[PDB]
Structures are given as C-alpha cells and as structure tokens.
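Asks: Just one file: structure_17.tsv, with TSV, C-alpha atoms and all ligand atoms.
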```tsv
chain	number	residue	atom	x	y	z
A	16	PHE	CA	115.72	-78.82	26.55
A	17	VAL	CA	113.44	-75.80	27.21
A	18	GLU	CA	110.95	-78.53	28.07
A	19	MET	CA	113.18	-79.78	30.96
A	20	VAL	CA	114.30	-76.47	32.43
A	21	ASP	CA	112.73	-75.99	35.88
A	22	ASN	CA	111.47	-79.58	36.16
A	23	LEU	CA	112.71	-79.97	39.74
A	24	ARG	CA	110.97	-78.88	42.92
A	25	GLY	CA	111.54	-79.41	46.59
A	26	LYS	CA	111.58	-77.94	50.04
A	27	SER	CA	114.60	-76.82	51.99
A	28	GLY	CA	116.36	-79.86	53.52
A	29	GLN	CA	113.82	-82.28	51.98
A	30	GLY	CA	115.70	-82.67	48.61
A	31	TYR	CA	114.88	-82.19	44.91
A	32	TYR	CA	112.24	-84.18	43.07
A	33	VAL	CA	111.22	-84.74	39.46
A	34	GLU	CA	107.77	-85.89	38.29
A	35	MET	CA	107.81	-89.31	36.67
A	36	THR	CA	105.12	-91.73	35.47
A	37	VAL	CA	105.29	-95.45	36.14
A	38	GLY	CA	103.06	-98.24	34.69
A	39	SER	CA	100.25	-98.30	32.09
A	40	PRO	CA	98.10	-96.35	32.38
A	41	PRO	CA	100.63	-93.91	33.83
A	42	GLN	CA	100.73	-93.33	37.60
A	43	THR	CA	102.34	-89.98	38.41
A	44	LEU	CA	104.75	-89.86	41.32
A	45	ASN	CA	107.25	-87.27	42.49
A	46	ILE	CA	110.65	-88.96	42.71
A	47	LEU	CA	113.69	-87.77	44.59
A	48	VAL	CA	116.72	-87.12	42.35
A	49	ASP	CA	119.65	-88.90	44.04
A	50	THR	CA	123.16	-89.15	42.57
A	51	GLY	CA	124.36	-90.94	45.74
A	52	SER	CA	122.58	-94.22	45.07
A	53	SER	CA	121.59	-96.42	42.17
A	54	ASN	CA	118.11	-97.79	42.92
A	55	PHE	CA	114.76	-96.76	41.54
A	56	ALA	CA	112.33	-97.37	44.46
A	57	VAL	CA	108.81	-95.96	44.88
A	58	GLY	CA	106.32	-96.25	47.75
A	59	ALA	CA	103.91	-99.14	47.04
A	60	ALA	CA	101.71	-98.98	50.12
A	61	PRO	CA	99.63	-96.30	51.77
A	62	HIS	CA	102.22	-95.05	54.25
A	63	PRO	CA	100.41	-92.08	55.82
A	64	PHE	CA	103.09	-89.50	54.92
A	65	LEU	CA	102.74	-90.37	51.25
A	66	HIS	CA	100.71	-88.20	48.93
A	67	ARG	CA	100.66	-90.95	46.31
A	68	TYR	CA	102.07	-94.46	45.86
A	69	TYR	CA	102.61	-97.17	43.23
A	70	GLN	CA	99.61	-99.41	42.70
A	71	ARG	CA	101.03	-102.36	40.74
A	72	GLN	CA	97.56	-103.95	40.46
A	73	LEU	CA	96.50	-101.01	38.27
A	74	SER	CA	99.35	-101.45	35.74
A	75	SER	CA	99.04	-103.91	32.89
A	76	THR	CA	102.71	-103.68	32.02
A	77	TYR	CA	103.98	-104.62	35.49
A	78	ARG	CA	106.13	-107.76	35.91
A	79	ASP	CA	107.13	-109.23	39.23
A	80	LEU	CA	110.83	-110.18	39.43
A	81	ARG	CA	109.96	-112.36	42.43
A	82	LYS	CA	112.79	-111.08	44.63
A	83	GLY	CA	113.11	-108.70	47.57
A	84	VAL	CA	115.50	-105.87	48.51
A	85	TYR	CA	116.43	-104.74	52.03
A	86	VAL	CA	118.25	-101.40	52.19
A	87	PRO	CA	119.47	-100.05	55.57
A	88	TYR	CA	121.01	-96.68	56.44
A	89	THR	CA	121.66	-95.01	59.81
A	90	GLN	CA	119.10	-95.71	61.11
A	91	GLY	CA	116.69	-95.29	58.23
A	92	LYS	CA	115.78	-98.29	56.12
A	93	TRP	CA	113.60	-99.32	53.23
A	94	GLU	CA	112.51	-102.74	52.05
A	95	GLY	CA	110.69	-103.79	48.89
A	96	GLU	CA	109.82	-106.17	46.07
A	97	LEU	CA	111.63	-105.98	42.74
A	98	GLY	CA	109.68	-105.76	39.44
A	99	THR	CA	109.76	-103.95	36.10
A	100	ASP	CA	107.34	-101.62	34.38
A	101	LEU	CA	107.21	-98.78	31.88
A	102	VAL	CA	108.71	-95.52	33.25
A	103	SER	CA	108.36	-92.05	31.66
A	104	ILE	CA	109.38	-88.46	32.64
A	105	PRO	CA	106.78	-85.83	31.63
A	106	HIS	CA	109.30	-82.96	31.69
A	107	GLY	CA	112.14	-85.14	30.46
A	108	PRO	CA	112.75	-86.53	26.99
A	109	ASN	CA	109.87	-88.06	25.07
A	110	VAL	CA	110.56	-91.71	25.73
A	111	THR	CA	109.07	-94.58	27.73
A	112	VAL	CA	111.41	-97.27	29.03
A	113	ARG	CA	111.16	-100.56	30.92
A	114	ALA	CA	113.16	-100.11	34.12
A	115	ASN	CA	113.54	-102.03	37.35
A	116	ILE	CA	111.31	-100.82	40.15
A	117	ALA	CA	111.51	-101.60	43.83
A	118	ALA	CA	107.98	-101.47	45.27
A	119	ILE	CA	108.74	-100.14	48.77
A	120	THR	CA	106.55	-102.14	51.12
A	121	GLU	CA	108.20	-101.28	54.47
A	122	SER	CA	110.49	-98.39	55.51
A	123	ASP	CA	111.92	-96.61	58.56
A	124	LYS	CA	113.07	-92.92	58.62
A	125	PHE	CA	112.97	-93.01	54.85
A	126	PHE	CA	109.94	-90.94	53.95
A	127	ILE	CA	109.78	-87.39	55.24
A	128	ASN	CA	106.62	-86.21	56.96
A	129	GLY	CA	105.73	-83.02	55.08
A	130	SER	CA	107.62	-83.86	51.88
A	131	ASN	CA	105.93	-84.13	48.54
A	132	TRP	CA	107.88	-87.04	47.05
A	133	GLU	CA	107.04	-90.74	47.17
A	134	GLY	CA	110.11	-92.47	45.70
A	135	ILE	CA	113.83	-92.22	44.95
A	136	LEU	CA	115.72	-92.22	41.63
A	137	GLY	CA	119.22	-93.52	42.20
A	138	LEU	CA	121.33	-92.16	39.30
A	139	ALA	CA	124.75	-93.42	40.47
A	140	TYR	CA	126.12	-96.68	39.13
A	141	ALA	CA	125.27	-100.41	39.20
A	142	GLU	CA	128.15	-101.43	41.51
A	143	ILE	CA	126.26	-99.96	44.47
A	144	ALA	CA	122.78	-101.04	43.36
A	145	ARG	CA	120.97	-103.23	45.88
A	146	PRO	CA	120.74	-106.15	46.01
A	147	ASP	CA	123.58	-106.34	43.44
A	148	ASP	CA	125.00	-104.98	40.12
A	149	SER	CA	122.72	-107.31	38.16
A	150	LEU	CA	119.94	-104.79	38.91
A	151	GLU	CA	120.39	-102.33	36.10
A	152	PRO	CA	119.81	-98.74	37.30
A	153	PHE	CA	117.25	-96.54	35.65
A	154	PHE	CA	119.65	-94.37	33.70
A	155	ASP	CA	121.51	-97.39	32.36
A	156	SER	CA	118.08	-98.62	31.21
A	157	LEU	CA	117.23	-95.24	29.62
A	158	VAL	CA	120.39	-94.96	27.51
A	159	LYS	CA	120.49	-98.66	26.69
A	160	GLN	CA	116.93	-98.51	25.27
A	161	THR	CA	116.83	-95.09	23.60
A	162	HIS	CA	118.96	-92.63	21.69
A	163	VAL	CA	119.11	-90.47	24.88
A	164	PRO	CA	122.84	-89.60	25.28
A	165	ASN	CA	124.70	-91.02	28.29
A	166	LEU	CA	124.78	-87.80	30.33
A	167	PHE	CA	122.55	-85.65	32.56
A	168	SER	CA	123.04	-82.27	34.21
A	169	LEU	CA	121.67	-80.77	37.42
A	170	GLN	CA	120.97	-77.11	38.37
A	171	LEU	CA	119.86	-77.03	41.97
A	172	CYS	CA	118.79	-73.55	43.13
A	173	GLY	CA	116.73	-73.05	46.32
A	174	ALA	CA	115.12	-69.62	45.89
A	185	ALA	CA	110.97	-72.39	51.44
A	186	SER	CA	110.14	-74.04	48.14
A	187	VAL	CA	113.28	-74.89	46.12
A	188	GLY	CA	113.55	-75.35	42.35
A	189	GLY	CA	116.00	-76.65	39.78
A	190	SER	CA	116.49	-78.32	36.41
A	191	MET	CA	117.46	-81.84	35.48
A	192	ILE	CA	118.35	-81.86	31.77
A	193	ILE	CA	118.28	-85.53	30.76
A	194	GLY	CA	120.55	-86.16	27.80
A	195	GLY	CA	122.39	-82.88	27.54
A	196	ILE	CA	123.45	-79.49	28.73
A	197	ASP	CA	121.46	-76.27	28.68
A	198	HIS	CA	123.94	-73.41	28.16
A	199	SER	CA	121.51	-70.90	29.63
A	200	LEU	CA	121.79	-72.59	33.02
A	201	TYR	CA	125.45	-71.51	33.59
A	202	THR	CA	127.86	-68.67	33.01
A	203	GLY	CA	131.53	-68.88	32.11
A	204	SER	CA	133.05	-72.25	31.28
A	205	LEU	CA	132.52	-75.88	32.40
A	206	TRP	CA	135.51	-77.50	34.05
A	207	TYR	CA	135.66	-81.29	34.35
A	208	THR	CA	137.01	-83.59	37.02
A	209	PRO	CA	137.38	-87.28	36.21
A	210	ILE	CA	134.92	-89.80	37.69
A	211	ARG	CA	137.48	-91.92	39.54
A	212	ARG	CA	135.32	-95.04	39.52
A	213	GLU	CA	131.83	-95.80	38.29
A	214	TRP	CA	130.10	-96.70	41.55
A	215	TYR	CA	129.15	-93.47	43.32
A	216	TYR	CA	130.10	-90.36	41.37
A	217	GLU	CA	133.55	-90.37	42.92
A	218	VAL	CA	136.03	-87.59	42.32
A	219	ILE	CA	139.30	-86.50	43.96
A	220	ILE	CA	139.76	-83.25	45.88
A	221	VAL	CA	143.42	-82.24	45.64
A	222	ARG	CA	143.42	-79.05	47.67
A	223	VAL	CA	141.25	-77.10	50.06
A	224	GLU	CA	141.45	-73.44	50.87
A	225	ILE	CA	139.43	-71.29	53.21
A	226	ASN	CA	139.39	-67.69	52.04
A	227	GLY	CA	142.61	-68.39	50.08
A	228	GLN	CA	144.77	-69.96	52.74
A	229	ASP	CA	145.09	-73.61	52.07
A	230	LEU	CA	144.87	-76.38	54.70
A	231	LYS	CA	148.36	-77.77	53.89
A	232	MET	CA	146.90	-81.14	54.84
A	233	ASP	CA	147.86	-84.40	53.17
A	234	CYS	CA	145.28	-84.17	50.35
A	235	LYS	CA	144.66	-87.91	50.91
A	236	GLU	CA	142.67	-87.04	54.02
A	237	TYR	CA	140.37	-84.94	51.78
A	238	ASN	CA	139.32	-88.13	49.89
A	239	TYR	CA	139.32	-90.56	52.86
A	240	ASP	CA	137.81	-92.88	52.12
A	241	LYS	CA	135.76	-91.31	49.28
A	242	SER	CA	134.76	-87.98	47.88
A	243	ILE	CA	131.40	-88.09	46.15
A	244	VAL	CA	128.84	-85.86	44.48
A	245	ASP	CA	125.44	-86.40	46.11
A	246	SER	CA	122.24	-84.54	45.34
A	247	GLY	CA	120.71	-86.75	48.08
A	248	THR	CA	122.61	-84.90	50.87
A	249	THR	CA	122.15	-81.31	51.98
A	250	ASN	CA	125.51	-80.86	53.66
A	251	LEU	CA	129.06	-80.53	52.62
A	252	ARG	CA	130.34	-83.47	54.63
A	253	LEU	CA	134.15	-83.69	55.25
A	254	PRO	CA	135.92	-86.62	56.87
A	255	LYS	CA	136.94	-86.51	60.54
A	256	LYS	CA	140.28	-84.66	60.51
A	257	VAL	CA	139.50	-82.50	57.47
A	258	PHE	CA	136.33	-81.31	59.19
A	259	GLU	CA	138.32	-80.55	62.33
A	260	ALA	CA	140.93	-78.61	60.30
A	261	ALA	CA	138.45	-76.73	58.12
A	262	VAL	CA	136.40	-75.79	61.16
A	263	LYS	CA	139.40	-74.43	63.05
A	264	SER	CA	140.36	-72.34	59.98
A	265	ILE	CA	136.76	-71.26	59.31
A	266	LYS	CA	136.63	-70.61	63.07
A	267	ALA	CA	139.80	-68.47	62.92
A	268	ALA	CA	139.01	-66.69	59.63
A	269	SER	CA	135.63	-65.86	61.17
A	270	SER	CA	136.78	-64.65	64.63
A	271	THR	CA	135.22	-61.16	64.29
A	272	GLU	CA	132.54	-62.94	66.39
A	273	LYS	CA	132.40	-66.04	68.61
A	274	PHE	CA	129.74	-68.83	68.74
A	275	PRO	CA	129.06	-72.04	70.68
A	276	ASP	CA	131.02	-75.27	70.01
A	277	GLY	CA	127.70	-77.06	69.39
A	278	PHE	CA	126.83	-74.83	66.41
A	279	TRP	CA	129.99	-75.95	64.52
A	280	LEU	CA	129.06	-79.59	65.29
A	281	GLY	CA	125.45	-79.07	64.02
A	282	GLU	CA	124.12	-79.49	67.58
A	283	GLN	CA	122.76	-75.97	67.70
A	284	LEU	CA	121.53	-73.22	65.38
A	285	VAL	CA	122.89	-69.68	65.44
A	286	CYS	CA	120.83	-66.56	64.81
A	287	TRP	CA	120.65	-62.89	63.88
A	288	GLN	CA	117.63	-60.62	63.19
A	289	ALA	CA	115.90	-59.97	59.82
A	290	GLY	CA	118.24	-57.93	57.56
A	291	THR	CA	121.15	-58.49	59.98
A	292	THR	CA	123.45	-61.37	58.91
A	293	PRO	CA	127.18	-60.57	58.50
A	294	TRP	CA	128.07	-62.41	55.25
A	295	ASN	CA	131.59	-61.00	55.13
A	296	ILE	CA	132.60	-62.16	58.60
A	297	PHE	CA	132.64	-65.61	56.95
A	298	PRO	CA	135.26	-67.24	54.71
A	299	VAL	CA	134.82	-68.55	51.18
A	300	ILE	CA	135.64	-72.27	50.71
A	301	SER	CA	137.57	-73.56	47.70
A	302	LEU	CA	137.92	-77.17	46.78
A	303	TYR	CA	140.47	-77.83	44.04
A	304	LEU	CA	139.43	-80.90	42.08
A	305	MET	CA	141.65	-83.14	39.97
A	306	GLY	CA	141.42	-81.79	36.42
A	307	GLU	CA	141.31	-83.52	33.04
A	308	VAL	CA	145.06	-83.39	32.29
A	309	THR	CA	148.14	-84.51	34.28
A	310	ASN	CA	149.20	-81.95	36.94
A	311	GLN	CA	146.12	-79.81	36.03
A	312	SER	CA	143.42	-78.78	38.53
A	313	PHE	CA	140.61	-76.24	38.87
A	314	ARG	CA	138.82	-74.85	41.89
A	315	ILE	CA	135.23	-74.39	42.80
A	316	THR	CA	134.57	-71.66	45.36
A	317	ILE	CA	131.38	-71.47	47.40
A	318	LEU	CA	130.18	-68.62	49.69
A	319	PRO	CA	128.76	-68.82	53.22
A	320	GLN	CA	125.31	-68.37	51.64
A	321	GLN	CA	125.90	-72.03	50.68
A	322	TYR	CA	127.08	-73.53	54.04
A	323	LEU	CA	124.88	-71.32	56.26
A	324	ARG	CA	121.42	-72.38	55.19
A	325	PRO	CA	118.37	-70.88	57.00
A	326	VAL	CA	116.27	-73.26	59.10
A	327	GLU	CA	113.01	-72.46	57.20
A	328	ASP	CA	110.61	-72.57	60.14
A	329	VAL	CA	111.96	-72.93	63.71
A	330	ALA	CA	108.72	-73.27	65.79
A	331	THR	CA	110.22	-71.75	69.00
A	332	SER	CA	111.87	-68.71	67.23
A	333	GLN	CA	110.88	-65.72	64.98
A	334	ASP	CA	114.50	-64.57	64.25
A	335	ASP	CA	116.89	-65.44	61.36
A	336	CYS	CA	118.71	-68.68	62.29
A	337	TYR	CA	120.99	-70.90	60.21
A	338	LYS	CA	122.42	-74.40	60.39
A	339	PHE	CA	126.16	-74.93	59.87
A	340	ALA	CA	125.83	-77.01	56.71
A	341	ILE	CA	129.39	-78.39	56.90
A	342	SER	CA	129.56	-81.51	58.99
A	343	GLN	CA	131.71	-84.59	59.59
A	344	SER	CA	131.73	-88.07	58.08
A	345	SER	CA	133.20	-91.52	57.80
A	346	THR	CA	131.57	-92.44	54.50
A	347	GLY	CA	133.89	-89.71	53.13
A	348	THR	CA	133.59	-86.25	51.60
A	349	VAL	CA	130.08	-85.56	50.32
A	350	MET	CA	129.45	-82.69	47.96
A	351	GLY	CA	125.81	-82.11	48.63
A	352	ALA	CA	123.32	-79.33	48.14
A	353	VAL	CA	125.83	-76.91	49.76
A	354	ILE	CA	128.26	-77.38	46.86
A	355	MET	CA	125.86	-78.26	44.03
A	356	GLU	CA	123.71	-75.16	44.52
A	357	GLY	CA	126.71	-73.03	43.65
A	358	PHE	CA	127.12	-74.77	40.28
A	359	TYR	CA	125.68	-76.32	37.15
A	360	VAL	CA	126.84	-79.89	37.41
A	361	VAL	CA	127.20	-82.02	34.31
A	362	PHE	CA	127.33	-85.79	34.86
A	363	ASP	CA	129.08	-86.76	31.61
A	364	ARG	CA	128.74	-90.50	32.12
A	365	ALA	CA	129.77	-91.01	28.50
A	366	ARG	CA	133.20	-89.58	29.32
A	367	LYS	CA	133.55	-90.74	32.92
A	368	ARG	CA	133.64	-87.10	34.18
A	369	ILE	CA	131.80	-84.41	36.06
A	370	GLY	CA	131.82	-80.84	34.85
A	371	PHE	CA	131.29	-77.79	37.03
A	372	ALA	CA	130.28	-74.30	35.96
A	373	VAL	CA	129.13	-71.29	37.95
A	374	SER	CA	125.30	-71.69	38.15
A	375	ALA	CA	123.07	-69.04	36.56
A	376	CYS	CA	120.78	-69.28	39.60
A	377	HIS	CA	123.11	-69.42	42.60
A	378	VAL	CA	122.60	-66.93	45.47
A	379	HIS	CA	125.40	-64.33	45.25
A	380	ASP	CA	125.61	-60.85	46.73
A	381	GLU	CA	127.35	-57.79	45.13
A	382	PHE	CA	130.83	-58.47	46.61
A	383	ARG	CA	131.65	-62.15	46.25
A	384	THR	CA	130.42	-64.85	43.84
A	385	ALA	CA	130.76	-68.61	43.40
A	386	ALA	CA	133.54	-69.34	40.92
A	387	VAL	CA	134.88	-72.16	38.83
A	388	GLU	CA	138.44	-71.30	37.78
A	389	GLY	CA	141.49	-72.86	36.16
A	390	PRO	CA	143.88	-74.10	35.18
A	391	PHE	CA	146.05	-74.51	38.20
A	392	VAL	CA	149.19	-76.62	38.52
A	393	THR	CA	148.88	-79.31	41.20
A	394	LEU	CA	151.40	-82.11	41.50
A	395	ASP	CA	150.77	-85.70	42.63
A	396	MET	CA	146.98	-85.52	42.23
A	397	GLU	CA	146.67	-89.35	42.06
A	398	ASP	CA	148.11	-89.62	45.61
A	399	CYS	CA	145.01	-87.98	47.04
A	400	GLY	CA	142.91	-91.03	46.17
A	401	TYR	CA	142.64	-93.79	48.83
A	402	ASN	CA	143.03	-97.60	48.34
B	501	LIG	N1	122.25	-90.36	48.50
B	501	LIG	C1	122.11	-90.53	49.88
B	501	LIG	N2	122.94	-89.90	50.70
B	501	LIG	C2	122.88	-90.00	52.02
B	501	LIG	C3	121.90	-90.78	52.61
B	501	LIG	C4	121.00	-91.46	51.80
B	501	LIG	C5	121.11	-91.35	50.41
B	501	LIG	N3	120.20	-92.02	49.58
B	501	LIG	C6	118.92	-92.49	50.15
B	501	LIG	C7	118.04	-91.34	50.59
B	501	LIG	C8	116.83	-91.61	51.21
B	501	LIG	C9	116.01	-90.57	51.61
B	501	LIG	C10	116.38	-89.25	51.39
B	501	LIG	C11	117.59	-88.96	50.77
B	501	LIG	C12	118.41	-90.01	50.37
```
Give the structure from the file, written as structure tokens.

Replies:
Amino acid sequence: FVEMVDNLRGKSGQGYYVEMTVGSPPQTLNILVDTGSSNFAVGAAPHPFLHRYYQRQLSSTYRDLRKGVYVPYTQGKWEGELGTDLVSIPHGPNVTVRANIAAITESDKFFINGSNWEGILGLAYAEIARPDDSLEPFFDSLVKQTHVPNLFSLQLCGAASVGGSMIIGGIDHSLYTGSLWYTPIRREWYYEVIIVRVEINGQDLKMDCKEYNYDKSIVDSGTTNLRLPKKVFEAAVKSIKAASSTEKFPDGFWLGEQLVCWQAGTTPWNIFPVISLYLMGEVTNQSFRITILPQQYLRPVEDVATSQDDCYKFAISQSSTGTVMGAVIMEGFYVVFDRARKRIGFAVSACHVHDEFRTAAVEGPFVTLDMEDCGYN
C-alpha cells in the first residue's frame, strides 16, 4: 500500500482524481474519484477543456455494448455510448480488469475548464448506475475479477493543488491516528448512513434527528460542501450564527451568495464553532461523533480575480437530495468504505489541517436511543 499512498491529486473545488489506464495499449487518463455515483465514464471526444480523452479506435480490447446513456444533473449533463475495455490503475493494485466504460460523447457543465481530469469513477453501488443496475460498476468488476478485497479507503487532504490517497483493497494505518469508528451503510445504493445527532460547539440542535437524514445522508467525495437539508441548514446556521456572534456578516454569505474576507494572517478561527455529527454506530443504542473545525467549512476561494485579500466560502449549504458529507467532512478524516461489511469507518486523518487549540476528532462510544427512527422511508 506504500505504492498507493498519495495517488490522488486535484485543485481546490475541482475534486480529487486518480490516474487510470484504459484500453490496450493503455491510454492514461486522470479520473475523478466519486463515491456519490456508480458510473465509470471518460471523455471520448476532443472537448476543448480536456487534456486527454478516450480513443476507442486505438484500443484492440474495446467492445461496443451498442447502447447509450443519458445522465442529467442540475443543470449539468453528460451523454455517452456504453462499451467495455481493459482498465488498470498505475498507483493502485497490480491488476487489469474488464469494466464497463461510458464513452462521453456530449456533455453540459460536466467538465471543468481548468481541471486536469477527463472522466469520472463512480464508486457507489449498482442501484444508482445509469442506465440501470445491470451495468456493473467498476469496483464490483474489480473485486469480482480479482483477489482485491471488497473495500477501499480515502484520505483527502488539500494542502491550490490538493492531494490524497485512495488505498484500493485495504487500509493504510499510517494515514490516520487513534481508532476507526464505523457507521453502518444503511443501503447499498449511495453510501448512505444515518446521522443521529448534531451539535455545534457542544450544544445540540434538539431537532427531530429524522430531519438530519431527510431524505438521505450520504458520503460523497464528488461534492465539496457539507450539504444539510432545508430545515437542518436553517437551524445549524442560526446556531453557527449565534455561536459566532463576536462578529456579524451578510445574510448572503451564509447562503453561499457572497464571500467573506480578512487580511493575510488575520482570520479569527476561534470566533467559529466546531460541528459534530453523531453517526449511528455498529451496536444497538451506540453512536460516535465526528467533529470538524471551521478550517473545514470555511475554505479559501483560491484565486478571486477582483480581490488580493483572504476570502472564504461558507462551505455548508442547503439541499433537497439530502445531507451530503463532502470534502468539508472527508478532509477531516480517513474514511474506510468497508463494502465487505456494509459499513463506513471514520478516523481522525493524519493530514487534516488543525491548529494548536482544537483538532478534528472521532470519539465514542456514546449512548443514543432510537437511532433507527432517524432514517426516512
Ligand atoms: N457525486 C456527485 N455529487 C454531486 C453532483 C454530481 C456528482 N457526480 C457527478 C459529478 C460530475 C462532475 C463533477 C463532480 C461530480
């Protein structure tokens, strides 16, 4: 696993990518690591933002599945032609596998101008694979065809240019301190989990925990933000707003309509609360909490063309897809996707950005009653 440590790169806000090779001879692409989706889809046409792209005509081991896929978002979309070919991961295990590939032939708001990736690796489960669960995701293909164990772990750092590690098939104990705690994967579609309690600085939100997982809580390397549903966002904001009242800021900033700024060497960390999410634990009435800092939900806007100060976006934001534990959360922690045991483990990350006062923590056990009532149906 030394071989896999530090095999992820990226740029702030533009996600984390791993090098992969597709086809024979191998074509190298940088692929986005995305636990919020289940499709393996690379650019197959010379879109002008793309550094590289898949040239099926150059690969002897390509096979057309003679079907299409249309995949919309808001209001991004991509569209492609299904096939299969031999995929490999240079800084992953030493294997080559035949996985499904969507040759992306048309997209909107999908590719990022500036980014250095050309495709997406959906690592979540078949139930949400487009066009349907017949299309076996890459990781299912990898485990099904090799002795690679049914688990992967992610250490997302971010110091600009970000870095991380995706350990395919195991856990690198150097990447985290203290102990892993595990929350059950509630269903194998997205990596769904159940938040049972939310505190800000310590004081909980006393809010029907069901609203925390309405209609989903997921773990999503594809998203930058911590995204909370409507009311929860409201409630958290108000409490973060209160907690933080040493100063005042515009209403827009909280809604991610504005940025807020201080000068170099002049941000007040402490004037901001910590956030704790308690997650359903492995045993009945047993939970554990993950605690982030504001260095995780105030992320600098790398380069703001009309400003030479220190600004930051409020990286907590609202939703109707559900809760979304994105970069904000995952950068605090080493996150083990133990697919083999339907569970996600969290440990304080050896590379997260702490100061000398506070630190990100994973702690337990706590006693939380009625944890199954927080899930929605
Ligand atoms: N996982 C995920 N979350 C939110 C929106 C999209 C998404 N997957 C597709 C995606 C495309 C481009 C960049 C990031 C994610």

Asks: Find the spatial neighbours of range 45-58 of chain A, counting all atoms listed in the file, within a cut-off of 9 Å - ignore same-chain residues fewer than 3 positions away - and output them as number ranges by chain.

Replies: A: 23, 25, 30-36, 61-62, 65, 67-70, 95, 97, 114-121, 126, 131-145, 150-154, 191, 214-216, 243-248

Asks: Where does range 325-377 of chain A meet range 260-274 of chain A within 12 Å, residue by residue, with the nearest atom pair and distance in Å to one decimal for each, counting all atoms listed in the file, listed by chain and rising number, as a tab-separated table?

Replies:
```
residue	atom	partner	partner_atom	distance
A:339	CA	A:262	CA	10.4
A:340	CA	A:262	CA	11.5
A:341	CA	A:262	CA	8.6
A:342	CA	A:262	CA	9.2
A:343	CA	A:262	CA	10.1
```

Asks: Show me the residues around (124.8, -67.6, 48.9) - criterion: an atom at most 7 Å away, all atoms listed in the file counted - as a PyMOL selection string.

Replies: chain A and resi 318-321+377-379

Asks: May I ask for the distance between CA of residue 206 in chain A and CA of residue 325 in chain A, given in Å to one decimal place?

Replies: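 CA of residue 206 in chain A sits 29.4 Å away from CA of residue 325 in chain A.
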
Asks: Kindly compute an axis-aligned box around the listed atoms of ligand LIG 501 (chain B), allowing 6 Å on each side, and express its centre and edge lengths in Å to one decimal as JSON.

Replies:
```
{"center_x": 119.5, "center_y": -90.7, "center_z": 50.6, "size_x": 18.9, "size_y": 15.5, "size_z": 16.1}
```

Asks: What is the CA of residue 362 in chain A-CA of residue 395 in chain A distance in Å, reported with one decimal?

Replies: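 Computed distance, CA of residue 362 in chain A to CA of residue 395 in chain A, equals 24.7 Å.
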
Asks: Could you tell me which of A:19, A:311, A:162, A:73 comes closest to residue 110 in chain A if we count all atoms listed in the file?

Replies: A:162

Asks: Could you please determine the separation between CA of residue 317 in chain A and CA of residue 88 in chain A in Å, to one decimal place?

Replies: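 Atom-to-atom, CA of residue 317 in chain A to CA of residue 88 in chain A, that is 28.7 Å.
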
Asks: Using all atoms listed in the file, can you tell me which of A:163, A:251, A:399, A:37 comes closest to ligand LIG 501 (chain B)?

Replies: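 Answer, going by the shortest atom-to-atom distance: A:251.
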